[PDB]
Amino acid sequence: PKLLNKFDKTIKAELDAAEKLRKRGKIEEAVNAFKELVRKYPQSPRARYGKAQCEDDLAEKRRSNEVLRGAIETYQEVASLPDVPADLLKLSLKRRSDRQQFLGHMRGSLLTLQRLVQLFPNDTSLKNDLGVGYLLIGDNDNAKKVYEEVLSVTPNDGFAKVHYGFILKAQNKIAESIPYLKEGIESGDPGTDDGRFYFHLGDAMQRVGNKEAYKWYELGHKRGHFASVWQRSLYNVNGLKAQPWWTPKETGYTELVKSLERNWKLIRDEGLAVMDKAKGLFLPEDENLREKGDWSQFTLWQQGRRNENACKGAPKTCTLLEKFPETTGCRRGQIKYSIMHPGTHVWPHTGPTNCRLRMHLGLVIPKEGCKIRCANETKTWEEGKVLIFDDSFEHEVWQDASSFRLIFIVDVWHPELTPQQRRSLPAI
């Protein structure tokens, strides 16, 4: 990496001295060293970059966002100085984009990546990095435009293939997405051994009927992405007990189960009240999990937060659930009514995390046609009874009755999770 211009070469001694202090670990002593090199040589790109790396390392030690916001600015100052080496320009701005995403300034990291692509229009990897910026902000349209430009120049790039296939699969182009995912994973290129692409390639093959989906599930299990071929969640805490079906006494939430089963009729009546007088509060499933049919949900708690407007439609149920922090505080689960109408088949899928167990309270259950499979066992609901299963295992639902099926979903923390974990885990 050529990082010194002509003027910095004349002061390589003072630069390497302060760089040693940063490498030795005296981050405080190195910051003040580069700070005075900048004060002494205000146009040195390396001394400005060295000040930025010290602020970066210092922000790690102090765990400060304000210090990291200072490094982000110093990384930009290296780009304003004159006669800056091209390799130093890429590293200074790429680190700014990376740290901007760390803080959540996703819109700012996009602008920084756009500048890099405008400065280096031939770097394929920089365009690929810009595509990831769009996928982190939710702009799959512009992400597809980028990875199309990459594949028109470098059509053998696996990184662009798996991301192009991920967008096509997100856009319900299931058949077209498979070749981009299978080839990108097999490219072996850096960044293609991600469990997300194994999960979506096997899911895409399952919907089209290709039995080789489980060969890709087992391969992801061998490389450490999946806990098993059945438990394919990706936001996981290692060590938790894993079994597809649980019993109430096994979970330890016996007080919650009894409150639900003792008072199931009031929960049902408040849900039917929303059905009859506020259909708008039931929103359709929006995760493309349906092959066919109508499936709506009326959410009361999400990510540990209570929807005040929703609890105005089911007040007694919200008051009942208020007594149990094991479900109201589950920031990786929800509490919702789930209505499913005849002719509905939900694709085999997996929940995002293993940190929650999912409870189903039977409210309005038709006598035939309804059944849910988790792993290799199929069970059915019963009115006034609670089913408990680990939705991180592959599960599948059919509804082929002559009337609607209404259940109550209550997510709880995994019982083996420590309270420190329940308070620290990022919400999902």
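Residue positions are given as counts along the sequence shown, with the first one as 1.
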Legend entry - Mean temperature factor over C-alpha atoms, higher-scoring stretch between 268 to 276 and 199 to 207: 199 to 207
Legend entry - Given 177 to 185 and 315 to 323, the range whose Cα B-factors average higher in the PDB entry: 177 to 185
Inset, instruction - Report the option among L363, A33, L387, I372 whose CA atom has the maximum B-factor in the deposited record. - result: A33
Inset, instruction - Please work out which residue in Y217, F166, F298, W295 has the highest C-alpha B-factor recorded for this crystal structure. - result: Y217
Legend entry - Chain-wide C-alpha B factor ranking for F282, given as lowest, middle or highest third: lowest
Inset, instruction - Consider only the C-alpha atoms of the modelled residues in this chain, order them by B-factor as the entry records it, and name the third containing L103: lowest, middle or highest. - result: highest
Legend entry - Chain third (lowest, middle, highest) by recorded CA B-factor, residue given as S64: highest
Legend entry - Where the record places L58 (Cα B-factor, split into thirds across the chain): middle
Legend entry - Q303 by Cα B-factor - lowest, middle or highest third of the modelled chain: lowest
